[PDB]
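Below is one structure, written out as C-alpha cells, with a few remarks after it.
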Amino acid sequence: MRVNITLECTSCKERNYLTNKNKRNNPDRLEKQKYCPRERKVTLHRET
Amino acid sequence: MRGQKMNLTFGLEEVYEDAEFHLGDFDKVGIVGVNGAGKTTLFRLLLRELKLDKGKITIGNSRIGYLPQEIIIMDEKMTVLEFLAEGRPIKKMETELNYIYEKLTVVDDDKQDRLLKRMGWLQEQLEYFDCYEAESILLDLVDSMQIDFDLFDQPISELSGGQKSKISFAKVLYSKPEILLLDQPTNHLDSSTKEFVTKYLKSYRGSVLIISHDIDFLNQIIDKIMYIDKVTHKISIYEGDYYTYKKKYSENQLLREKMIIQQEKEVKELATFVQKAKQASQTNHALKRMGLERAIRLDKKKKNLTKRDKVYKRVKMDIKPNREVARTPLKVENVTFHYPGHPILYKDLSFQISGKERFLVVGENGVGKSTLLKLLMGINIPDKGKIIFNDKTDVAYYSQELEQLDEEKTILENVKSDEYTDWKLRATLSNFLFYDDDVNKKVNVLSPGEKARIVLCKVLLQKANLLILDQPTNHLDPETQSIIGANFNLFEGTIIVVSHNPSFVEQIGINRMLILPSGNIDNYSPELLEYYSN
RNA sequence: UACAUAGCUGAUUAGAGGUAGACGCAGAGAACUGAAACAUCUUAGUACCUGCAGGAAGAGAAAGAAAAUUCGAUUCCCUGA
RNA sequence: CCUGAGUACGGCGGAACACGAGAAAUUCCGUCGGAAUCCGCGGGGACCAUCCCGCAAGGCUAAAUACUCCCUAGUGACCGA
RNA sequence: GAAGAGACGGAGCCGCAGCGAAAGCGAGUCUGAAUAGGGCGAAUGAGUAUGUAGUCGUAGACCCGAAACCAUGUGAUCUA
RNA sequence: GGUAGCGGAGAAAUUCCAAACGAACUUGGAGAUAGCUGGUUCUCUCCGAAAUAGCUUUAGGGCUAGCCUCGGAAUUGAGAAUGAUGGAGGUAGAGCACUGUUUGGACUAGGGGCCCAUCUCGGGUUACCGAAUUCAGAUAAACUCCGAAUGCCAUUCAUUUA
RNA sequence: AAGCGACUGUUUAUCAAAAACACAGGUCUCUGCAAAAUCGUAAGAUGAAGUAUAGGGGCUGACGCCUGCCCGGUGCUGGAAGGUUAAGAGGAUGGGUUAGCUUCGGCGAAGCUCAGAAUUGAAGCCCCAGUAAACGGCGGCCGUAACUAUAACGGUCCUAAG
RNA sequence: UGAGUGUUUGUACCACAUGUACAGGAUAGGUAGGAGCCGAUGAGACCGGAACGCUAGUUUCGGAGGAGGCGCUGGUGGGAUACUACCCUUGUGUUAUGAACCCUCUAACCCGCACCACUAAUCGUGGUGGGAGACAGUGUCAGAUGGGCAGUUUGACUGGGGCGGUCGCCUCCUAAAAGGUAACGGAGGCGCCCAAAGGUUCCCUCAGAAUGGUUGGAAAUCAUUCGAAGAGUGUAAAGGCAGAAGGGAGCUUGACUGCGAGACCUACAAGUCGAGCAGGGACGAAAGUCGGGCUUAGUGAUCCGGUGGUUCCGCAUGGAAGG
RNA sequence: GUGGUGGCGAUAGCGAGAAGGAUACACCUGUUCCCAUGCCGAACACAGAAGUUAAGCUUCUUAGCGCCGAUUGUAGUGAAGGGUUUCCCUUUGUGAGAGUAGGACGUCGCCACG
RNA sequence: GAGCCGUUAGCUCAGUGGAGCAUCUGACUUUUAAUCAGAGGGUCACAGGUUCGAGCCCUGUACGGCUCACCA
RNA sequence: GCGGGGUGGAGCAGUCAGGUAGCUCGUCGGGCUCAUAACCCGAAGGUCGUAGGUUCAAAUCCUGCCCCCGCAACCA
RNA sequence: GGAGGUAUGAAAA
Ligand SMILES: Nc1ncnc2c1ncn2[C@@H]1O[C@H](COP(=O)(O)OP(=O)(O)OP(=O)(O)O)[C@@H](O)[C@H]1O
Ligand SMILES: Nc1ncnc2c1ncn2[C@@H]1O[C@H](COP(=O)(O)OP(=O)(O)OP(=O)(O)O)[C@@H](O)[C@H]1O
Ligand SMILES: [K+]
Ligand SMILES: [K+]
Ligand SMILES: [K+]
Ligand SMILES: [K+]
Ligand SMILES: [K+]
Ligand SMILES: [K+]
Ligand SMILES: [K+]
Ligand SMILES: [K+]
Ligand SMILES: [K+]
Ligand SMILES: [K+]
Ligand SMILES: [K+]
Ligand SMILES: [K+]
Ligand SMILES: [K+]
Ligand SMILES: [K+]
Ligand SMILES: [K+]
Ligand SMILES: [K+]
Ligand SMILES: [K+]
Ligand SMILES: [K+]
Ligand SMILES: [K+]
Ligand SMILES: [K+]
Ligand SMILES: [K+]
Ligand SMILES: [K+]
Ligand SMILES: [K+]
Ligand SMILES: [K+]
Ligand SMILES: [K+]
Ligand SMILES: [K+]
Ligand SMILES: [K+]
Ligand SMILES: [K+]
Ligand SMILES: [K+]
Ligand SMILES: [K+]
Ligand SMILES: [K+]
Ligand SMILES: [K+]
Ligand SMILES: [Mg+2]
Ligand SMILES: [Mg+2]
Ligand SMILES: [Mg+2]
Ligand SMILES: [Mg+2]
Ligand SMILES: [Mg+2]
Ligand SMILES: [Mg+2]
Ligand SMILES: [Mg+2]
Ligand SMILES: [Mg+2]
Ligand SMILES: [Mg+2]
Ligand SMILES: [Mg+2]
Ligand SMILES: [Mg+2]
Ligand SMILES: [Mg+2]
Ligand SMILES: [Mg+2]
Ligand SMILES: [Mg+2]
Ligand SMILES: [Mg+2]
Ligand SMILES: [Mg+2]
Ligand SMILES: [Mg+2]
Ligand SMILES: [Mg+2]
Ligand SMILES: [Mg+2]
Ligand SMILES: [Mg+2]
Ligand SMILES: [Mg+2]
Ligand SMILES: [Mg+2]
Ligand SMILES: [Mg+2]
Ligand SMILES: [Mg+2]
Ligand SMILES: [Mg+2]
Ligand SMILES: [Mg+2]
Ligand SMILES: [Mg+2]
Ligand SMILES: [Mg+2]
Ligand SMILES: [Mg+2]
Ligand SMILES: [Mg+2]
Ligand SMILES: [Mg+2]
Ligand SMILES: [Zn+2]
C-alpha cells in the first residue's frame with residue numbers, strides 16, 4: 001500500500017515537503033534531512 | 001471519559017477507526033475484547049501516553065489509579081516496600097523539597113521568589129498526601145490480602161506471579177485514586193484472593209474500568225460493558241453484564257447478516273435478468289433495452305451493497321508428540337529444595353508420573369508450584385534428591401512470567417528453529433493469528449496475550465511428549481482458553497499443569513493432583529475443592 | 001327564565017352599484033421562457049383574480065444617516081454604479 | 001411619580017431586505033416562550049467591550065412624484081382610404 | 001427660455017501612475033533571504049466631449065411559422 | 001333541470017362533453033420558444049473564401065485557430081521561385097546482417113516403430129518423424145547489414161520577383 | 001360440425017358491434033354508524049332518512065364437476081421485548097468578549113454571546129407469526145428390466161414449492 | 001389544557017442516626033474555637049429494652065436513685081480527648097417539591113343525542129338534561145408514509161437506427177525517408193511501482209554453448225575456453241544503452257528552496273525541455289555530478305470543503321466572527 | 001628503438017605465423033607496511049629486484065575473416081507525357097542495394113628515455 | 001432448394017502406421033437359468049483421388065438424420 | 001460473441017476472505033449371514049483442467065490457454 | 001375346562 005505523505009520540519013513544525021511511501025515497506029514514519037525554506041537550513045523532517 | 005473520531009494506526013495495522021465512546025461517571029465498565037483488540041491501548045490514550053493520529057480523547061481532571069497488565073520492575077534489587085512506597089509521590093517531592101532548601105542557602109536574592117513558590121506547593125502537596133501514610137501502608141497489607149511482612153523486605157523480582165499481582169493491586173489502592181483503570185487485576189490470583197478483589201470492587205464508590213478475560217469475575221461487578229472490536233476497529237458500549245453484551249451482540253450480527261442476505265438476493269435477481277438479456281438475440285429490441293435498464297439498477301445496487309465483516313479467525317492448535325510416552329516418564333525421589341535464606345518448600349518430595357497422565361500441581365499463591373516446575377526443567381537444582389527423566393521423554397516448558405521471548409527480536413526470529421523451514425513457521429504463526437507482516441513485528445510491542453500465543457507456538461513446535469505448563473490460560477482471551485483446553489485434552493502425552501482457572505482444568509480432565517505445601521499425590525476428583533477449602 | 005338578554009315593531013343613520021383597458025396600496029399569485037437540458041435560480045412578485053381607495057396614492061417628523069464630524073421628517077430627479 | 005407588554009426580544013417555520021442561511025445584521029408574518037424600564041432601552045451587518053448616534057412597541061400631515069376616460073386651445077421633417 | 005437655441009449649474013465621469021490578494025509602497029512595485037532573476041509598469045504621453053458609421057450587449061431585436069405551457073372566464077340547446 | 005376541464009360522465013371504446021378531446025372552447029401571459037424550414041426589395045467598382053484542426057450532452061449548432069476583407073505600425077526585407085551549399089530522416093527499391101514466415105539437399109541429436117535381450121534394457125533397422133548445425137533458394141505494413149528520387153529545415157549566399 | 005362468449009343487453013357519434021364491456025352467480029376484503037367510501041380548504045353533502053341478510057372496494061363471471069403445491073420474497077394483518085430513530089426537552093463541556101490579576105508572557109469571575117456531549121423521545125424500519133379466490137411462484141443431473149427400447153426403481157444438487 | 005389520588009423516581013432544605021485501620025486508656029471523621037464544660041431545668045454509679053457493631057464496644061429509650069461527673073492536666077499516636085461552630089461521609093425520615101406512569105374528577109372543548117324558546121324551522125343560536133372529556137378537534141413544529149398528484153431527467157459516436165463496441169493517457173504500423181495526417185483500420189499497454197529500483201564515489205560485464213565434474217537428472221551450484229550482445233534495462237511497444245542508462249559495494253536524501261535567459265509544442269486551457277543565478281546541502285581528493293528513476297503513460301479545470309502556515313484584511317474603535 | 005599520450009569512420013580491426021627485451025613495459029618475489037577479497041595478496045594496495053621472453057607487450061610476414069570500395073548496368077523515382085490504365089510504357093533528370101575491379105595488416109601529432 | 005451430419009462384427013457403439021450385448025465352447029449343477037472362463041465375427045457403405053502408407057485427409061455416388069429456407 | 005463450469009470412480013464442498021485437501025455415494029479387502037441385502041471394521045482413490053505470474057506460501061489471487069454446457073450470430 | 005365385552009431365497013424333479 002503506497003500513499004502520499006507530508007514531511008514537516010521538526011524545528012518550526014512547517015509542512016514543507018510532499019512525497020509518498022509504501023506503508024508495508026516503511027511502516028515507521030519516514031525521516032529525512034531536507035532544506036527548510038522558513039529557517040533556510042537543512043533540518044530533520046518527519047512524516048506526520 | 002469521552003472519545004470522538006478516534007483513529008490510531010501502528011504502521012499498517014490499525015487499532016481504532018472513527019471510534020467513539022462516552023462513559024458516565026460512577027460506571028463500573030467492563031472492557032472486553034480478544035487479545036490484541038486494543039484494550040490496553042485505550043488506557044494508554046486515557047493516560048496520555050499515546051496520542052490519537054486523529055480525533056479527540058477526553059478525560060476528566062480526577063486522579064487516575066492505573067494497574068498495568070505487566071508488572072513494572074524498574075530495578076531487579078527493588079524491595080517490595082520500595083515498590084509499594086513508589087505508589088505515593090511523598091518520596092519524590094521530599095527529594096525535590098530537600099534540594100529546594102539547598103538552593104535557598106546558595107542563592108540570596110535572585111531565585112528566592114521561584115524557590116519560595118516551589119517550596120510552598122511541595123509542602124501543600126505533601127500535606128494533601130498526608131505523610132502519615134507510612135503507617136497506613138504497613139497495615140494496608142494486613143487488611144487487604146493477608147500479605148505477610150516477610151515479603152515486605154524481599155526483592156520484588158523474587159515474588160511469585162500471584163504474589164506480585166497482590167503487591168501491584170495494593171499499590172494502586174495505596175495511591176488513593178479517583179478513577180480505577182484495572183488491566184487484568186486477577187491475572188495470577190488464586191480463588192481466595194479473587195474474593196477480596198471482587199468485594200472491594202463491588203464496594204468501590206467511584207468509577208472503575210476493568211479489562212478482564214474472566215466472565216464470572218466481571219459479571220459480579222460490571223454494570224456497563226465496553227467491547228473493543230478487532231475487525232471493525234470500533235468501540236461499542238452496552239448496558240448490563242457480559243451475557244447481555246453477548247445477547248445484544250449476537251442478535252445484531254444476526255440482524256446484520258439477514259440484511260446482507262437480502263441485498264445479495266436482489267443483486268442476484270437483477271444479475272440473472274441482465275445475463276438473460278445479454279444472451280438474447282440482437283433482434284429482440286425490447287429485451288435488449290430492458291437489459292440495459294436493469295444493468296443500471298444492478299450497478300447502483302452493487303455500489304450500495306454492504307460488505308459482510310470478515311469473522312475473526314480462531315486459533316487452530318494440533319499438538320502431537322514426536323515420540324511415545326513411557327510408563328515412568330518422570331521420577332522424582334526424596335527431593336528437598338529451599339531458596340537460600342528461606343524455609344524449605346518441600347522435604348523428601350517423591351512422586352512418579354505414569355505416562356499420558358494429566359498431572360495437576362495444586363496449591364495457593366506463593367506455595368512452591370512454579371518452583372517445583374522450575375525444579376524439573378533444571379532451572380533450580382534440587383537441594384536433596386534426584387529427578388530422572390526417561391530417555392523417551394521430551395519436555396516442553398511454558399513459564400509463568402513469559403521469560404522465554406526476546407523482546408528485541410521479531411516474532412519470526414523468536415520461533416526460528418533448526419528443524420523448521422520458513423514457510424512452515426509462517427503457516428503455524430498464521431494458525432496463531434499472526435498473518436503476513438504481523439510476524440515481523442517486534443515482540444516488545446505485542447500485548448501479553450499475543451506473546452502468550454508465541455510461547456504456546458514454541459511449545460507446539462517442540463512436539464514434546466511431556467508438557468510442563470505453568471498457568472497456560474493466563475493472558476488468553478476466553479475463546480482461546482477453551483481452544484487451548486480442548487486441544488490439550490486430546491494431547492497424546494503427559495501433562496504437568498498448574499492452573500487457577502477452574503474451567504481450564506475441567507476441559508483437560510485431570511487424573512492425579514499433587515497438593516502443596518502438604519505433599520499429597522491424589523487421584524483427581526471434586527475432592528480438589530476439599531483441599532481448597534482446607 | 002326570575003331579573004335580563006336574545007328576538008320582534010317603529011323611527012333614525014349610511015352603505016350597496018358603475019367606472020378610466022390609466023395611475024396607487026394591499027391579499028393571493030402562474031407558466032411558457034433563460035440557464036443553450038433541468039430541480040436551486042430566472043421569466044417574477046410580472047400576467048391574471050380580488051379588496052380598498054384618492055385626485056393623486058403610498059412615505060413622512062429619527063429607538064435615523066454616519067464616524068470628514070457631523071447631518072437633521074418624507075417623497076422624486078442626477079450621481080454613486 | 002410618568003414616558004406606549006404578552007410589547008421588545010428569543011426558539012422554531014417562513015418571508016422582505018440587491019443579500020438564495022450564509023458569519024448574518026436590519027424588517028415582517030405564524031407558533032411557543034418571554035424583558036427592562038433613565039444607574040433604563042435600541043442601533044452602528046454574527047457576537048462582546050468601549051465610544052458615538054438615537055428613544056420603539058400610538059396617530060395625523062401639504063409640496064415636489066405617478067397617470068388621462070374626459071373638456072378647452074394648440075403642435076408635428078406624424079398617416080393620407 | 002418659443003415643446004428652441006442659449007446661459008448658469010463642476011456634483012459627478014474619463015484621462016494624467018502603477019504594482020500587490022491585501023497592509024502598503026510608488027516610476028516603480030510584487031514574488032523572494034536577495035542590491036539576483038523574473039512578472040506587470042515608466043523610460044517609449046494624449047486624452048476627452050460630441051457627431052457619424054461598422055459591430056456587439058439588454059430589449060420580441062431582420063420577418064413569418066409550431067406542437068405546446070400557464071391564468072381568468074364561456075359552454076350538458078349535441079352527446080354521456 | 002343537475003354534474004365543467006388540475007374537471008365532468010363513461011354496461012369502459014382514451015368513449016362523450018356544441019360537426020377534430022391522451023385532456024373542450026374563448027380571452028390574456030403573448031410578438032411563448034424554435035441550435036429548424038421558408039422569405040429578406042436598387043446599382044456599379046475593388047478584393048474574394050470555406051466545406052479544415054482542436055473542444056463541445058457535440059456531431060445539419062457553437063467557440064478559438066486556420067482561410068477572406070478594410071485600416072494602421074514598423075523593419076538589418078523578414079515572403080515566393082530557382083540555383084549553390086550543409087544538414088535531419090529510414091520511405092520506394094533492394095537485402096538476409098537481426099526477428100518472424102519458408103523450400104530443397106547433407107548430417108544427426110532426439111523421437112517413433114520393430115526385433116533379439118531385457119535389468120528396457122545393450123544393440124541393428126525403416127532411405128518413418130526429425131531438433132540444432134551447414135549448403136543452396138525465397139519472403140515481410142508492424143524485419144533491416146543498406147538505402148534513393150522527392151519533399152523538409154537553414155544560409156547577413158546568388159538571380160528574379162514582391 | 002368446431003372455437004369463443006352462458007343468456008336479453010352495452011360499446012369506439014363519423015373505418016372495429018366482437019371472443020370486448022355489462023350481467024345474474026362465486027369469492028375475498030373494509031365498514032359498529034358522525035360507519036367505511038367519495039365531493040369539498042371548511043361548512044355541508046351523498047352513502048341513508050340505509051345499519052353487517054347493510055354499504056364500499058378488488059377479482060371472477062349462468063349452470064354442472066372442480067379449484068392442486070409454495071408464506072422464502074413483496075404487500076396486508078397481528079406482535080411489542082430488543083436494535084435504529086426526528087422535533088421538542090436537557091445543558092456536561094469548548095470557544096468569543098473582559099472586570100480584575102500578570103513573571104512581554106499569560107491567566108481570567110460575572111454578564112452577554114457562538115457551538116454544544118450524555119440523558120429523554122412516538123410512529124416507522126429491522127425483527128417474529130399469519131395470510132395466496134392477496135402481489136406472485138410452481139426445478140435439474142446420473143444410473144437402472146435376462147432381445148432392443150423405455151425406466152416402475154435407486155442416487156445426487158437446488159428450492160418457498162418444484 | 002384545568003383539577004385531584006396513588007406509584008416510582010431526581011433535586012433541595014429540615015430532622016435525625018454512623019464514623020472501630022496501628023498504636024493509643026479506647027469505636028480518633030476533618031477543621032476552628034477550646035479552660036473551662038455539663039447536671040435538683042434530675043449528675044455519677046446501677047437495672048432492663050432497642051439500634052449499631054469491625055463483636056471489642058458504640059449509640060439510644062425506659063425503671064429506680066438523687067448530685068455528681070467530664071474536660072485541661074498525663075503518656076500514646078500523624079492526628080486526643082469535654083463542650084461550641086463550620087461542616088464531611090454513610091443510611092432513614094419530614095417537607096418543598098421537578099419529572100415519568102397510574103387511574104379519578106369536572107368547569108374548558110365536542111355531541112349528524114333528547115326536551116324547551118326564538119319559531120311557521122330536521123338550519124342556527126341560546127336554555128336544561130345526558131354522553132364524552134382535558135381526550136378529541138384545531139394551530140405551529142417534527143418523523144414516517146405517500147405515482148394519489150406535480151415539475152423534470154432518462155448521453156454521444158455509429159457506412160440509417162437498434163444490439164454489440166468505443167469515449168481520457170502512452171507505444172508501434174497505417175503515415176507516402178522533416179513534422180503533422182483519418183477510418184466501428186492492424187496490434188499492445190496505463191489509472192502504478194521503488195525509501196531503493198533515487199544521488200554520488202569507486203568498482204564490475206552479459207545470454208548461451210563446449211568440456212570436465214556427488215547428490216544432480218535437459219536444466220540447481222563449480223572450473224577453463226569460445227562467445228559484441230544473441231542478455232539485462234520494475235512495468236506495453238518504439239527508440240537507446242556494453243565508454244553503460246546493465247550489475248555490485250560505501251556514504252547519503254538534489255525524490256532540494258526561490259527561480260529561470262531561451263526554446264519546443266500549441267486555438268485556448270494546458271503540456272515539454274532548459275543552460276544559468278542565489279540559498280543550503282549529498283557524494284568525491286579534485287574535476288565535477290545531483291531540481292528523482294534509460295526515455296516516452298501512471299492522470300482531472302473551476303466551484304465547494306478539510307488541514308497547516310501567514311508581519312495580509314478585520315464594516316465606529318479593540319477584539320471576534322469571517323475572509 | 002622503446003614507453004607514455006592523443007587526432008582521424010577497422011583502409012586503425014580479427015585470425016595465423018616469426019623476432020626482442022639493451023633500456024623501457026612486463027610478467028616475476030613477498031604481505032611488514034597503508035589498503036583488500038561479499039572466501040582467496042587471483043584482483044586491488046603496498047615493498048623488491050631471483051629468473052624469463054614463456055605470456056602480454058612492440059616489430060615483422062600474410063588478404064583467411066572482418067573493413068573500405070570505383071566504373072558499367074539495372075531497380076526505384078522528381079518533372080513532362082501515353083496506353084488496352086489493379087498495371088504498363090515513352091522522353092528528360094537523378095540513381096541505388098546487390099555484384100564486382102581494386103584498396104587495405106594504418107596514418108597524422110606531442111613528450112621521456114635511446 | 002441449399003448446407004451440414006453420419007454409414008465400422010449378428011445388434012448398439014468406440015476407434016495417416018476394438019468395447020458391450022448377441023453366438024459358440026468350457027467349467028458349476030441331477031439338468032438347467034444365472035454366474036466364471038475361453039473362443040470366433042468385420043473391419044471400416046461403394047468408387048476415385050492425396051500420401052511411403054488411408055477406417056482416419058479430399059472428391060463423387062447411394063442411403064438415411066438434422067438444420068435453414070418468399071413477400072409486402 | 002455472452003455466460004456457466006473443470007477438486008478422488010460419480011456427484012458436491014472448500015475458492016470470495018493465501019497456510020490445513022474434505023462430505024456423500026460408490027469401489028477394494030475383511031467381518032456378520034445357510035447365502036444375498038442391510039449392518040460392522042479397515043484401505044485405497046485427487047498434488048484441485050492446463051501453462052505462466054503474485055507470494056514466504058496458491059485448489060483459493062492474476063493472465064493466457066484447452067476442454068464441456070446453455071444462448072446468440074440480425075432486426076422494418 | 002369352554003363363550004361375549006374390555007427384507008429376500010431363480011426353473012423342473
Ligand atoms: N528466585 C527466588 N528467590 C527467592 N525466593 C523465591 C524465589 N522464587 C520463589 N521464591 C519464593 O518461593 C515461594 C514459592 O515459590 P513459587 O514461585 O513456586 O510460588 P507459586 O507456587 O508459583 O505461587 P503462584 O504461581 O500462585 O504465584 C515464594 O514465596 C516466593 O517468594
Ligand atoms: N508500538 C506498536 N507498534 C506496532 N504495533 C503495536 C504497537 N502498539 C500496539 N500495537 C498493536 O496494537 C494492538 C492492540 O494493542 P493492545 O496491546 O492494547 O491489545 P490488548 O487488547 O490490550 O491485548 P491483551 O488483551 O491480550 O492484553 C497489539 O496487537 C499490538 O500488536
Ligand atoms: K384610462
Ligand atoms: K420553470
Ligand atoms: K435552451
Ligand atoms: K397621504
Ligand atoms: K437575514
Ligand atoms: K442613531
Ligand atoms: K527584485
Ligand atoms: K523588476
Ligand atoms: K480628438
Ligand atoms: K464614436
Ligand atoms: K423586433
Ligand atoms: K440587432
Ligand atoms: K343535454
Ligand atoms: K358511452
Ligand atoms: K518496410
Ligand atoms: K362478449
Ligand atoms: K355472460
Ligand atoms: K366457460
Ligand atoms: K351484435
Ligand atoms: K367494451
Ligand atoms: K364458476
Ligand atoms: K363483490
Ligand atoms: K385477482
Ligand atoms: K359480482
Ligand atoms: K410466499
Ligand atoms: K410473507
Ligand atoms: K388535545
Ligand atoms: K449504408
Ligand atoms: K549506490
Ligand atoms: K604478486
Ligand atoms: K613475450
Ligand atoms: K587488415
Ligand atoms: Mg492488553
Ligand atoms: Mg507461580
Ligand atoms: Mg432552459
Ligand atoms: Mg374623490
Ligand atoms: Mg430574498
Ligand atoms: Mg417569533
Ligand atoms: Mg435588534
Ligand atoms: Mg460593527
Ligand atoms: Mg445624543
Ligand atoms: Mg403629497
Ligand atoms: Mg386611392
Ligand atoms: Mg381602414
Ligand atoms: Mg341546461
Ligand atoms: Mg387502448
Ligand atoms: Mg365532437
Ligand atoms: Mg412573456
Ligand atoms: Mg518494399
Ligand atoms: Mg354474448
Ligand atoms: Mg344480442
Ligand atoms: Mg365507428
Ligand atoms: Mg360498424
Ligand atoms: Mg373476465
Ligand atoms: Mg409523473
Ligand atoms: Mg419547464
Ligand atoms: Mg445518435
Ligand atoms: Mg450499424
Ligand atoms: Mg513525408
Ligand atoms: Mg513522418
Ligand atoms: Mg535502472
Ligand atoms: Mg471593527
Ligand atoms: Mg553500392
Ligand atoms: Zn524548519
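Just remember, in the C-alpha cells the first chain shown is A, the second B, etc., residues are 1-based per chain, and ligands are 1-based in the order shown.
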
Expected answer as a PDB file with C-alpha atoms (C1' of nucleotides), in the first residue's frame: residues within 7 Å of ligand 50, only C-alpha atoms (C1' of nucleotides) and all ligand atoms:
```
ATOM      1  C1'   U C  33     -39.072  31.451 -21.349  1.00  0.00           C
TER       2        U C  33
ATOM      3  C1'   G F  29     -49.283  35.995 -20.270  1.00  0.00           C
ATOM      4  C1'   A F  30     -48.004  36.683 -25.943  1.00  0.00           C
ATOM      5  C1'   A F  32     -44.261  31.883 -25.756  1.00  0.00           C
TER       6        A F  32
END
```

**Prompt:** chain B residues within 12 Å of chain K, counting only C-alpha atoms (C1' of nucleotides): which ones, as an MDAnalysis selection string?
**Reply:** chainID B and resid 271:286 288 307:313 316:318 412 421:437 439:440

Write a file of the selected residues as a PDB file, in the first residue's frame, keeping C-alpha atoms.
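Saved to out06.pdb:
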```pdb
ATOM      1  CA  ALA B 271     -27.797 -10.133 -12.462  1.00  0.00           C
ATOM      2  CA  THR B 272     -29.792 -13.142 -13.656  1.00  0.00           C
ATOM      3  CA  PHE B 273     -32.041 -10.950 -15.800  1.00  0.00           C
ATOM      4  CA  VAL B 274     -29.145  -8.871 -17.140  1.00  0.00           C
ATOM      5  CA  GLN B 275     -27.479 -12.077 -18.322  1.00  0.00           C
ATOM      6  CA  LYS B 276     -30.708 -13.322 -19.897  1.00  0.00           C
ATOM      7  CA  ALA B 277     -30.956 -10.120 -21.936  1.00  0.00           C
ATOM      8  CA  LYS B 278     -27.236 -10.219 -22.745  1.00  0.00           C
ATOM      9  CA  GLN B 279     -27.553 -13.636 -24.408  1.00  0.00           C
ATOM     10  CA  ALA B 280     -30.862 -12.959 -26.162  1.00  0.00           C
ATOM     11  CA  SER B 281     -30.986 -12.429 -29.911  1.00  0.00           C
ATOM     12  CA  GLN B 282     -29.945  -8.990 -31.131  1.00  0.00           C
ATOM     13  CA  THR B 283     -33.326  -8.885 -32.895  1.00  0.00           C
ATOM     14  CA  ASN B 284     -35.238  -8.722 -29.581  1.00  0.00           C
ATOM     15  CA  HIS B 285     -35.015  -4.959 -29.239  1.00  0.00           C
ATOM     16  CA  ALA B 286     -37.281  -4.563 -26.212  1.00  0.00           C
ATOM     17  CA  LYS B 288     -32.119  -5.719 -25.054  1.00  0.00           C
ATOM     18  CA  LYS B 307     -19.859  -5.875   2.808  1.00  0.00           C
ATOM     19  CA  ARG B 308     -20.141  -8.558   5.475  1.00  0.00           C
ATOM     20  CA  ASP B 309     -17.338  -8.130   8.001  1.00  0.00           C
ATOM     21  CA  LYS B 310     -14.844 -10.987   7.902  1.00  0.00           C
ATOM     22  CA  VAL B 311     -15.425 -13.055  11.035  1.00  0.00           C
ATOM     23  CA  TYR B 312     -12.302 -13.008  13.182  1.00  0.00           C
ATOM     24  CA  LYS B 313     -10.482 -16.305  12.756  1.00  0.00           C
ATOM     25  CA  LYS B 316      -6.029 -23.750  15.499  1.00  0.00           C
ATOM     26  CA  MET B 317      -3.727 -25.980  17.558  1.00  0.00           C
ATOM     27  CA  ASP B 318      -2.632 -29.505  16.591  1.00  0.00           C
ATOM     28  CA  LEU B 412       9.570 -14.860  13.314  1.00  0.00           C
ATOM     29  CA  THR B 421      11.731 -24.090   7.399  1.00  0.00           C
ATOM     30  CA  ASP B 422      10.440 -20.580   6.799  1.00  0.00           C
ATOM     31  CA  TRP B 423       7.048 -21.347   5.262  1.00  0.00           C
ATOM     32  CA  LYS B 424       6.400 -23.929   7.978  1.00  0.00           C
ATOM     33  CA  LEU B 425       6.976 -21.226  10.581  1.00  0.00           C
ATOM     34  CA  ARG B 426       4.685 -18.808   8.756  1.00  0.00           C
ATOM     35  CA  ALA B 427       1.913 -21.381   8.366  1.00  0.00           C
ATOM     36  CA  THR B 428       1.903 -22.147  12.091  1.00  0.00           C
ATOM     37  CA  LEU B 429       2.102 -18.468  13.013  1.00  0.00           C
ATOM     38  CA  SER B 430      -0.968 -17.976  10.829  1.00  0.00           C
ATOM     39  CA  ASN B 431      -2.692 -20.700  12.849  1.00  0.00           C
ATOM     40  CA  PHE B 432      -1.906 -18.482  15.861  1.00  0.00           C
ATOM     41  CA  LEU B 433      -3.393 -15.404  14.143  1.00  0.00           C
ATOM     42  CA  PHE B 434      -0.108 -13.799  13.040  1.00  0.00           C
ATOM     43  CA  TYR B 435      -0.821 -13.022   9.387  1.00  0.00           C
ATOM     44  CA  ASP B 436       1.718 -11.846   6.795  1.00  0.00           C
ATOM     45  CA  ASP B 437       3.864  -8.930   8.062  1.00  0.00           C
ATOM     46  CA  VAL B 439       5.378 -11.803  12.084  1.00  0.00           C
ATOM     47  CA  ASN B 440       7.988  -9.073  11.524  1.00  0.00           C
TER      48      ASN B 440
END
```

With only C-alpha atoms (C1' of nucleotides) as the counted atoms, please give the residues lying no more than 10 Å from residue 29 of chain A, apart from itself and same-chain residues fewer than 5 positions off, as a PDB file with C-alpha atoms, in the first residue's frame.
```pdb
ATOM      1  CA  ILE A   5       2.614  11.818   2.797  1.00  0.00           C
ATOM      2  CA  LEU A   7       7.131  15.811   5.667  1.00  0.00           C
ATOM      3  CA  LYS A  21       5.867   5.944   0.672  1.00  0.00           C
ATOM      4  CA  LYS A  23       3.437   1.632   4.185  1.00  0.00           C
ATOM      5  CA  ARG A  46       9.476  13.712   9.908  1.00  0.00           C
ATOM      6  CA  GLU A  47       6.275  12.355   8.400  1.00  0.00           C
ATOM      7  CA  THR A  48       3.028  13.235  10.161  1.00  0.00           C
TER       8      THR A  48
ATOM      9  CA  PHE B  10       0.650   1.463  14.219  1.00  0.00           C
ATOM     10  CA  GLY B  11       2.330   1.138  10.840  1.00  0.00           C
TER      11      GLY B  11
END
```

**Asked** Which of chain A counts as strand (DSSP E or B) under DSSP, as a list in words please?
**Response** residues 2, 3, 4, 5, 6, 7, 8, 9, 15, 16, 17, 18, 19, 20, 21, 22, 31, 32, 33, 34, 35, 36, 41, 42, 43, 44, 45, 46 and 47 of chain A

**Message:** For a quick check of understanding, using only C-alpha atoms (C1' of nucleotides), which of K:63, K:7, K:27, K:15 has the smallest distance to residue 44 of chain K?
**Reply:** K:27

**Prompt:** Hey, what's within 12 Å of residue 71 of chain I if we count only C-alpha atoms (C1' of nucleotides) and toss same-chain stuff fewer than 5 positions away? As a PyMOL selection string, please?
**Reply:** chain I and resi 100-102

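A distance search around ligand 53 (12 Å at most, only C-alpha atoms (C1' of nucleotides) and all ligand atoms) returns the following protein and nucleic acid residues: residues 5, 7, 8, 9, 10, 17 and 18 of chain G.
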
Near-ligand residues for ligand 14, threshold 10 Å, only C-alpha atoms (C1' of nucleotides) and all ligand atoms, as a PDB file with C-alpha atoms (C1' of nucleotides), in the first residue's frame:
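As written to disk, result.pdb reads:
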```pdb
ATOM      1  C1'   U E  55     -20.154  45.535 -34.884  1.00  0.00           C
ATOM      2  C1'   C E  56     -21.788  43.852 -30.278  1.00  0.00           C
ATOM      3  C1'   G E  57     -24.924  43.662 -25.382  1.00  0.00           C
ATOM      4  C1'   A E  61     -34.269  42.821 -31.971  1.00  0.00           C
ATOM      5  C1'   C E  62     -34.412  41.015 -39.549  1.00  0.00           C
TER       6        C E  62
END
```
